[PDB]
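Below is one structure, written out as structure tokens; comments come after it.
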Amino acid sequence: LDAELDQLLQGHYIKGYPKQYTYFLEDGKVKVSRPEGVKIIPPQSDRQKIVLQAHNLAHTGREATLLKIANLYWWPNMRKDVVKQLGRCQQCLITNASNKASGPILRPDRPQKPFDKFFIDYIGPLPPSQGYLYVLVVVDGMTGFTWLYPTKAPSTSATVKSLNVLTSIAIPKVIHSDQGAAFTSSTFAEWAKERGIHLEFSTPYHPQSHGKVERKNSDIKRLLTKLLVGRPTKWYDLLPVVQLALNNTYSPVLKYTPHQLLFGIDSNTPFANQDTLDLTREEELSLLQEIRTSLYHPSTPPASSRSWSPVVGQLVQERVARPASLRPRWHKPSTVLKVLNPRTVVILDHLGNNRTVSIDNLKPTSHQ
Amino acid sequence: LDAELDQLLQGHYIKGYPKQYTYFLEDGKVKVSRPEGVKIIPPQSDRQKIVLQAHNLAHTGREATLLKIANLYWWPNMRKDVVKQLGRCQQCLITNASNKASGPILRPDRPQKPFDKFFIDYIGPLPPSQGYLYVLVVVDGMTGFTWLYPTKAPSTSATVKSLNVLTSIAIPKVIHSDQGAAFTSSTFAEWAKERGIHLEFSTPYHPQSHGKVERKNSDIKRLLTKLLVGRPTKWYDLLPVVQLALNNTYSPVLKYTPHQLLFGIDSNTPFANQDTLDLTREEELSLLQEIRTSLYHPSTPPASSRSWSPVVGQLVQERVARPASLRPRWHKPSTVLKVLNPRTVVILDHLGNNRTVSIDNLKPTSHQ
Amino acid sequence: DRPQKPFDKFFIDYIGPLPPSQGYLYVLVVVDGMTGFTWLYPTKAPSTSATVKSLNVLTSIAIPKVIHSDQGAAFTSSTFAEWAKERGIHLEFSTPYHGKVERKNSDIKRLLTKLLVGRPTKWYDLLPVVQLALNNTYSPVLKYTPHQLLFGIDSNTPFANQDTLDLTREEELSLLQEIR
Amino acid sequence: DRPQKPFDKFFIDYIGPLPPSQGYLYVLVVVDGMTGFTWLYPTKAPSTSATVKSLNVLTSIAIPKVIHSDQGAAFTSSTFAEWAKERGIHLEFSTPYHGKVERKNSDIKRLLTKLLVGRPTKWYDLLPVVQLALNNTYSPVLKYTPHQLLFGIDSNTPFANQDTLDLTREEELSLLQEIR
DNA sequence: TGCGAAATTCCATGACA
DNA sequence: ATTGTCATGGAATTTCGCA
DNA sequence: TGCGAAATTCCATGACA
DNA sequence: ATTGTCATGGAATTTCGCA
Ligand SMILES: CCN1C[C@H](C)n2c(c(O)c3c(=O)n(Cc4ccc(F)c(Cl)c4)nc(C(=O)NC)c32)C1=O
Ligand SMILES: CCN1C[C@H](C)n2c(c(O)c3c(=O)n(Cc4ccc(F)c(Cl)c4)nc(C(=O)NC)c32)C1=O
Ligand SMILES: [Mg+2]
Ligand SMILES: [Mg+2]
Ligand SMILES: [Mg+2]
Ligand SMILES: [Mg+2]
Ligand SMILES: [Mg+2]
Ligand SMILES: [Mg+2]
Ligand SMILES: [N+]
Ligand SMILES: [N+]
Ligand SMILES: [Zn+2]
Ligand SMILES: [Zn+2]
């Protein structure tokens, strides 16, 4: 404060204030003659308030805030005081965008067997067709084999009815889905437990986590579209055709159709593959077990040059899921409890609840 | 047809059919013994129909279509016949996604003077405030200096009232905007012509073309948000504050505020720059002319590895602007009349109208 | 002669009338010849219409080369013939009035009867578990369940409790009270 | 003494009452001292409230260091004083009852009177062009228009037709019919 | 043991609300 | 207390037919 | 004529419906 | 018959204070 600035005026040396400059009093204020011109050196006790005034004009970041201040003032290490303030501006922290990308995606192992894991989701609402509005899409993780069910609503009960029809064929170990109301209801949990099925949920608002089914939605809509060109959008009668069509389509990277991966032999559909005509079923199932283990598996891509990865104890902010107009896009800062993997974390949200959350719905809080 | 396949059976050589394979009759069909097994060679006259059957199962692209066919058939140059068919499938062409990126963006020269070009746009609807729902945002191209006007609707008449208040200060040579109803109405054109103002329109649904104002919208909403944190969204009284705040904020790459670029001297606002205190106004305006010509100008970035660029006479498809559910995302193919620049073209749309269109709303039609 | 495979031949047949359950009265039974895998479909009648509606569901998962049945009206109609022709399915009929499949069909009737006692009306809901039981039931002849033969893997519902399948003295007298 | 600059001093004053136009009666006149640039605002009254409402628009574009006015009630009120203090504007008053600005103010009154004849009621709409005329009018003393001095560029509306500014014999007699 | 062309593989692009 | 995916069609690379 | 640290510049990231 | 932009805050690079 006034003490430090006194020593300064009478020629003494203070750490941070370069001795090679001429410091003086004028208009009752300590000034200095810097290459860019004469600036006021406010007392340390004044500085916080100045930075705040500068920042608050437009809630500007580091440089734009500094440039305002530098117009009138100089003191040692200005930006440190700027950054200190930015880190304490709740409005800036919850409103600004991130400028760091997530670390590279994980490519989890393909489930080992058919029926190990189902990925499920709803598409819709679609145009009304026979009074139906939605599609339940069920994708077997290992095979890509897909089941389609039309529904009137994306509800637990319609999910339960459909899954009862499906699970007539086989029961899966795990069913994985997003946190839609249909899948998180206790009624659905009882239905799962009753049958030995473990429910696994994606982190909230991160449909990539169950990307298999999401990607199949795309193909389903794409084929429905092509088939409905120039007709009214009567899709109900097309569901079965699309199911069969997609289950018997080749993935060019795999060289197999989901049907082939499920059964190891084409059924009586057009252009059925005849290669195993002379094998016994047992020989065929043996070649199948082999084909299933040797399928192409993609690898984790290179990180972008400015990615960030979560560290226990770090301050991070969850993305607001459905931000209202003129409201912040980010929640208040929270703390990383556990790093489950480099792309998923548990945070404590200031309330404080535990939330398991995708890195893609997080930014690291700026300025520590 | 049956002629070609006759010569083949009696050991003769036909171009395309490798002589080193054993060709025979069986079940009344010409077969061949290929490393992958025995395939039928259909007669040339049968082939188109086969490819079509294969493709139509799921409207599959090249490889997935080929893999179906190869199950039962072989003939020379199968994929050529596949590609021929894909190029003729209207449903595939108007529904599939592009897999080629646009060429790199242009960075047009900054307008040379204040008032050479205005970029204008509406933000909204926002939450009601004093009965207002929209903001007219006017951005001077050279300075970034911005004017904000609250409106009840994004209409010509509200635009006209606002621009009359603004053009009291100065008249611009050009006003550039998107093709919103407010700006394309004949009433607005008469208003422009009356005052010597040329109206310039961005290509449809390409807000990057007038990116200056779009980017300013972001800052406007961002600052409004910060200011409204924890209060009800009463933004009307904040417009003037935001205007002033933004016009006096530094662009860190420029080292100037839009106000400085407009006037060459700060008004009586907090942290006013004092550097030209000793210059005469005339000296100040001289330094200003100089600052205006030496502003950083960004350069066109490197092209992505799989970009495409338009060529006169090429078949291309305009993106459907507001595709209904289960309807194609692309219009029928059209023809490039003129290449205005590597990022903008005139097309003839089969109706056939002339349309000036952004490359970003185009894909090149596949398989020629 | 090439070896027998799944989807080579589906054996279909109707069971019923049964006591009403959710308005349904019959069961369409489909057994794959080679694997012995069973699919069941509740119908309101043993008609060609009900058969087509049911097999349309099945044939959106797998299409048989051949369907085999007795000369039931539902199967010998020209509508059913047209339906099959559209899908490239050959129809096959056993001569009027006269292995693996025959045994499976017996198991189904017997398994059904054991469960429609004390609840002759709740069978609609039981169909899924009936099927799972049937398809995860060990075959004495081959070393494998139908599940294993269709999918080439073990099931997550192994039915290791090979159940009586016989009527207990409680059910024998409770079944003769049902007819009364 | 540092040289005179834009925003150093705004000279404000009211003109009116005028004949009603869109319910407005007065004009708040703001002239920048250094550039001679003029901003005009239609008001319903020469009150502190109307002044604040008007200057709030102007001060969202540019804030003067000093406002100068006569001792009009609207300007000497403590509300106006508070308003100025909030914005860090020093208020300045000429003594009661007694260059570039004075001339500009004369031009405004004269230009206004020349246009409110034959249409004494359409002036609200004419304000924009009045201002553009005023600000693209050549200054005899300096070589430059107010536009040029404020923005450091030529204008896209140069008023090369330096108009009479005087009343023609048609308007002189048409103005003495207006008062009658 | 090397050529021209066909086949196959590679892989950026974009879309799943 | 969890996790992207994969059809697509030009381009790049490999293999084929022949010698 | 070179060190450590501060200042400045660089620039990927994301959002404008 | 037209065309992306630019605040942001860590990182990279340059300049400063001193010797
Ligand atoms: C209510 C529970 N709930 C949460 C959110 C609404 N959600 C749910 C979905 O099924 C989807 C969905 O399919 N896509 C499409 C999409 C977008 C980008 C991608 F990378 C991928 Cl793989 C998929 N987006 C969202 C979403 O989060 N939008 C912001 C979404 C859902 O059911
Ligand atoms: C009706 C006339 N019309 C056409 C479309 C509706 N449009 C209009 C707008 O003002 C915007 C707009 O601000 N943004 C936001 C945006 C998105 C990406 C960017 F790169 C940038 Cl620079 C801006 N998007 C669209 C749009 O085209 N959405 C699909 C848009 C407009 O008025
Ligand atoms: Mg969902
Ligand atoms: Mg989804
Ligand atoms: Mg717009
Ligand atoms: Mg816009
Ligand atoms: Mg029978
Ligand atoms: Mg007066
Ligand atoms: N994993
Ligand atoms: N340009
Ligand atoms: Zn802030
Ligand atoms: Zn097609």
Side-chain angles (χ1 to χ4, degrees), chain A residues 18 20 60-64 76-77 79 83 86 96-101 105-108 121 123-124 144 200 202-203 206-222 249 251-253 298 304-306 337-338 340-346 354-356 358 366-367, chain B residues 18 20 60-64 76-77 79 83 86 96-101 105-108 121 123-124 144 200 202-203 206-222 249 251-253 298 304-306 337-338 340-346 354-356 358 366-367:
Chain A
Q20 64 165 73
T60 49
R62 191 219 306 141
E63 297 303 313
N77 302 331
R79 284 167 170 92
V83 171
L86 308 180
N96 290 350
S98 177
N99 63 9
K100 291 106 179 76
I105 59 177
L106 295 165
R107 308 310 308 272
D121 198 15
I123 294 166
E200 193 179 48
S202 276
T203 43
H206 194 250
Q208 302 94 301
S209 284
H210 47 281
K212 255 218 188 52
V213 57
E214 293 303 1
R215 187 58 173 75
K216 190 69 65 160
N217 288 343
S218 187
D219 290 345
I220 290 153
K221 277 178 146 180
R222 186 161 59 98
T249 295
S251 176
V253 68
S304 78
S305 38
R306 300 197 190 167
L337 290 183
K338 194 176 175 75
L340 308 181
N341 55 45
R343 297 259 315 153
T344 324
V345 313
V346 180
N354 279 27
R355 295 181 56 73
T356 309
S358 179
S366 272
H367 324 295
Chain B
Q20 64 165 73
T60 49
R62 191 219 306 141
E63 297 303 313
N77 302 331
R79 284 167 170 92
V83 171
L86 308 180
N96 290 350
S98 177
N99 63 9
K100 291 106 179 76
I105 59 177
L106 295 165
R107 308 310 308 272
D121 198 15
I123 294 166
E200 193 179 48
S202 276
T203 43
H206 194 250
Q208 302 94 301
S209 284
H210 47 281
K212 255 218 188 52
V213 57
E214 293 303 1
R215 187 58 173 75
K216 190 69 65 160
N217 288 343
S218 187
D219 290 345
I220 290 153
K221 277 178 146 180
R222 186 161 59 98
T249 295
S251 176
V253 68
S304 78
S305 38
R306 300 197 190 167
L337 290 183
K338 194 176 175 75
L340 308 181
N341 55 45
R343 297 259 315 153
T344 324
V345 313
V346 180
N354 279 27
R355 295 181 56 73
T356 309
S358 179
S366 272
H367 324 295

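Proteins get letters first, then strands, A, B, ... in listed order; numbering begins at 1 in each.
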So [X], base contact, sugar-phosphate only, or nothing? Heavy-atom distance under 4.0 Å.
| X | value |
| --- | --- |
| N217(A) | sugar-phosphate |
| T249(A) | nothing |
| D219(B) | sugar-phosphate |
| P108(A) | base |
| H210(B) | nothing |
| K338(B) | base |
| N77(B) | sugar-phosphate |
| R62(B) | base |

Do [N] and [M] form a Watson-Crick or G-U wobble pair, with both donor-acceptor distances under 3.5 Å?
| N | M | value |
| --- | --- | --- |
| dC18(H) | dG2(E) | no |
| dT13(E) | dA7(H) | no |
| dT1(E) | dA19(H) | no |

d([atom1], [X]; [atom2], [N]) in whole Å:
| X | N | atom1 | atom2 | answer |
| --- | --- | --- | --- | --- |
| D121(B) | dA15(G) | CG | P | 18 Å |
| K216(B) | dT8(H) | NZ | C1' | 15 Å |
| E214(A) | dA7(F) | CD | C1' | 16 Å |
| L340(B) | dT3(H) | CG | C1' | 10 Å |
| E63(A) | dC6(H) | CD | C1' | 15 Å |
| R306(B) | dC11(E) | CZ | P | 8 Å |
| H367(B) | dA7(F) | NE2 | P | 16 Å |
| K100(A) | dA7(H) | NZ | P | 16 Å |

Side chain of [X], heavy atoms from C-beta onward: which of [options] has the nearest atom to it?
| X | options | result |
| --- | --- | --- |
| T203(B) | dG9(F), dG4(H), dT2(H) | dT2(H) |
| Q20(B) | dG9(F), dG17(F), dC16(G) | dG17(F) |
| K212(A) | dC6(F), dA7(H), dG4(F) | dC6(F) |
| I105(B) | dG9(F), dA12(G), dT5(H) | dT5(H) |
| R79(B) | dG9(H), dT13(E), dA7(E) | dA7(E) |
| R215(B) | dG4(H), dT5(F), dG9(H) | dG4(H) |
| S218(A) | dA15(G), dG4(F), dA15(E) | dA15(E) |
| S202(B) | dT3(H), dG10(F), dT8(H) | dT3(H) |
| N96(B) | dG9(H), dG9(F), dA1(F) | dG9(F) |

Original post:
Taking for each residue the nucleotide of DNA chain F with the nearest heavy atom, is it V253(A) or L337(A) whose nucleotide lies nearer the 5' end?
Top reply: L337(A)
**OP:** Let me know, please, whether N354(A) or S251(A) comes out on the 5' side of the other along DNA chain F by nearest nucleotide.
**Re:** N354(A)
Which nucleotide, if any, forms a Watson-Crick or G-U wobble pair with [N], using both distances under 3.5 Å?
| N | answer |
| --- | --- |
| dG10(H) | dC10(G) |
| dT15(H) | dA5(G) |
| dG4(H) | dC16(G) |

Original post:
Within the modelled atom types, does a donor on one side and an acceptor on the other bring the side chain of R222(A) and the base of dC16(E) under 3.5 Å apart?
Top reply: no
Subject >> Base of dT13(E) paired with side chain of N99(B) (donor-acceptor, under 3.5 Å) >> reply: no
Subject >> Single hit among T356(B), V345(B), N354(B) for side-chain contact (heavy atoms from CB on, under 4.5 Å) with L337(B) >> reply: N354(B)
Should [X] be listed as having a side-chain N or O under 4.0 Å from OP1 or OP2 of [N]?
| X | N | value |
| --- | --- | --- |
| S366(A) | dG10(H) | yes |
| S305(B) | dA12(E) | no |
| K221(B) | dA17(G) | yes |
| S209(A) | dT3(F) | yes |
| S98(B) | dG14(E) | no |
| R343(B) | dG4(H) | yes |
| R107(B) | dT5(H) | yes |

Calculate, to the nearest 0.5 Å, the distance between atoms [atom1] and [atom2] belonging to [X] and [Y] respectively.
| X | Y | atom1 | atom2 | answer |
| --- | --- | --- | --- | --- |
| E200(B) | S209(B) | CD | OG | 9.5 Å |
| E214(B) | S202(B) | CD | OG | 8.5 Å |
| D121(A) | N217(A) | CG | CG | 5.0 Å |
| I123(B) | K221(B) | CD1 | NZ | 6.5 Å |
| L86(A) | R62(A) | CG | CZ | 9.0 Å |
| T344(B) | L106(B) | OG1 | CG | 6.5 Å |

Subject >> Consecutive-base stack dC16(G) to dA17(G) per 5.5 Å / 30° rule >> reply: no
**OP:** In sequence, state the C-alpha distance, the side-chain angles, and the governing distance for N99(A) and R306(A), and then conclude on side chain to side chain donor-acceptor pair (under 3.5 Å).
**Re:** CA-CA 8 Å; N99(A) 63 9; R306(A) 300 197 190 167; over 6 Å; no
Original post:
Between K216(B) and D219(B), does at least one N-O distance fall below 4.0 Å, as a salt bridge requires?
Top reply: no
